[PDB]
Structures are given as C-alpha cells and as structure tokens.
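Taken together, the values in this text are just the output of simple stated rules run on the coordinates, not laboratory data. We place every Cβ from the backbone using ideal geometry, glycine too, and count neighbours over all the protein chains shown.
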Number of protein chains: 2
Amino acid sequence: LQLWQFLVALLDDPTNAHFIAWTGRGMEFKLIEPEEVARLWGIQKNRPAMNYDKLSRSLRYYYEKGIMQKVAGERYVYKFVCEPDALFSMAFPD
Amino acid sequence: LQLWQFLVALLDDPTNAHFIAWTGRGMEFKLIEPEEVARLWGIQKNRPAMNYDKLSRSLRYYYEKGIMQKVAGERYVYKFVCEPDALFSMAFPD
DNA sequence: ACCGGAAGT
DNA sequence: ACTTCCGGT
DNA sequence: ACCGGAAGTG
DNA sequence: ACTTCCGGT
C-alpha cells in the first residue's frame, strides 16, 4: 500500500471522519487530527517513529509527482490534482 | 495493467494522436479509432478477438465503479470522474 | 454506437 | 477485473 | 505549519 | 516511493 492509497481508505470510512474526512469541494481532504493519521500510517508501514512532520514530507513529494497540491491558507488541508498528468503518474509511479 | 492504466499510457504518447487523444476539456478523452485501441488492448491481454464492442463494455463497467462517464452525444468520447468515489475505486479495484 | 443484464474466467 | 454474448434503443 | 534539498531505506 | 533529519520562510 502506498500513502495516498491508505489515505483514501481512511477518507472513505465515515467512522474516521472525526480525525480525517473529505471537505466536500472536489477531491479535497483535511487531516483533522494530523498525529492520529500519522500514527495509523506508522502502524501500516511498521514505522513506530512516524510523525506528521515526516508524513507531510511524502505529501510534499507528491507535489513533484504532480498528484497532490497544498490548499493554501487552509491548515491540514490538501487535495488531489484533476489533470491527465496527475492520472499518469498515478497509474505509473516510476 | 488495468484498462484505465492502458488508456492513459496511450494517451501520453503523442504518436498515438491519430487513434487516441485527450480533448482539453479536463479529463475528457476520445478514441478516434476505437478498433485500433481494441487491437492494442487485445494484444496486452493475449485475447486477439478483442474489439470495441467488448472494450466499451468494460468502459461501461467503469461507470458502476464511478471512475468513468460517457460524454453523451459525443461519439467515441469518454472522461474520467474527479471525485472521491472514483479515487477509491482506483486504489481498490474489486 | 451506446446501453446494461447475465453467465463465465 | 474484466471478458463474452446480445437484444434492445 | 509548511517548505524542500540530501542522505538512507529492504 | 518513501523515511529520516532539519534549517529554511
């Protein structure tokens, strides 16, 4: 499982909406409890020392892959990119 | 490779523009020469008797998964859906 | 061309 | 995760 | 918080 | 494709 795959898994389950949920506008999501999310992702890839400062780095790595952008001004809020280039790197991550 | 991945791959190479290309209207794409795409897709799956009548069926299958929609009235034209529901189906196809 | 149910891999 | 068939629109 | 350039990763 | 570290604004 990749990071975005795991995030979608949490975003799709309504019982996680108290620490992570879709905003409603397009493909935009917010990390209500950023450390709660980082902890679960730490359990996933078995990285017990995983924090939000390290998880946000990978989200910033998605900027170069062009599959994510930072919603400026809104804290803990990111979004997926609606472009063919985004869907390309999505299907094939080199 | 899944069908939606195979299409994007062809859609990225500009030397395929005579039988498949994006339109510019967001995530909208057109299969200019359907049977040519079905031939190349039939090769991928080692099913040589593949045609557009069966490829388009899997495209209509993608409707229920929510990752695709038909641009009505526009012949050979489909599009990708930019919504959380679709993004969930790409991360978890079953 | 496009649709969508049903049976199959 | 599509493939195969197909009658209706 | 958010950024991102560098080195290490099984 | 991240993880770790951290000195940037």
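Of the options A:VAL37, A:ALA91, A:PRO48, report the single residue whose Cα projects farthest towards the positive end of the charge dipole of chain A (beta-carbon charges: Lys, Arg +1; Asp, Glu -1). My answer, from the dipole projection, is A:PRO48.
A cut-off of 5 Å between modelled amide H atoms, ignoring neighbours fewer than 5 places along the same chain, links B:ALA21 with B:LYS30, B:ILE32.
With a cut-off of 11 Å between beta carbons, the residues surrounding B:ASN16 carry a summed charge of -4, where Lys and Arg count +1 and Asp and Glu -1. Label positions at B:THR15 and A:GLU28, each projected 7 Å from the Cα along the C-beta direction, are separated by 4.1 nm.
For peptide B:45-53, what's the mean number of Cβ atoms from other chains within 10 Å of each residue's Cβ?
Numbers: counts 0, 0, 0, 0, 0, 0, 0, 0, 0.
Average neighbour count from other chains, rounded to a whole number: 0.
Proximity of backbone amide H atoms, modeled 1.01 Å from N, is registered between B:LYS79 and B:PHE29, B:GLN69, B:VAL71 at under 5 Å, excluding neighbours fewer than 5 places apart on the same chain.
Computed about the Cα centre, the dipole magnitude for chain B is approximately 240 debye when only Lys and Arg (+1) and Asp and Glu (-1) carry charge, each at its Cβ. For A:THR23, the label point sits 7 Å beyond Cα toward Cβ; its separations from the matching points on the remaining copies run 2.8 nm, from shortest to longest.
In the elastic network of chain B, a GNM with C-alpha springs shorter than 10 Å, the most mobile of B:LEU59, B:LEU31, B:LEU40 is B:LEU40. Straight-line reach from A:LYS65: taking Cα to Cα under 20 Å and skipping same-chain neighbours fewer than 8 places apart, the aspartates and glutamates in range are A:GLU28, A:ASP53, A:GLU83, A:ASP85, A:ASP94, B:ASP12, B:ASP13, B:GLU83. Going from the fewest other Cβ atoms within 10 Å to the most, the residues A:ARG25, A:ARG47, A:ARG39 appear in the order A:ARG25, A:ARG47, A:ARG39.
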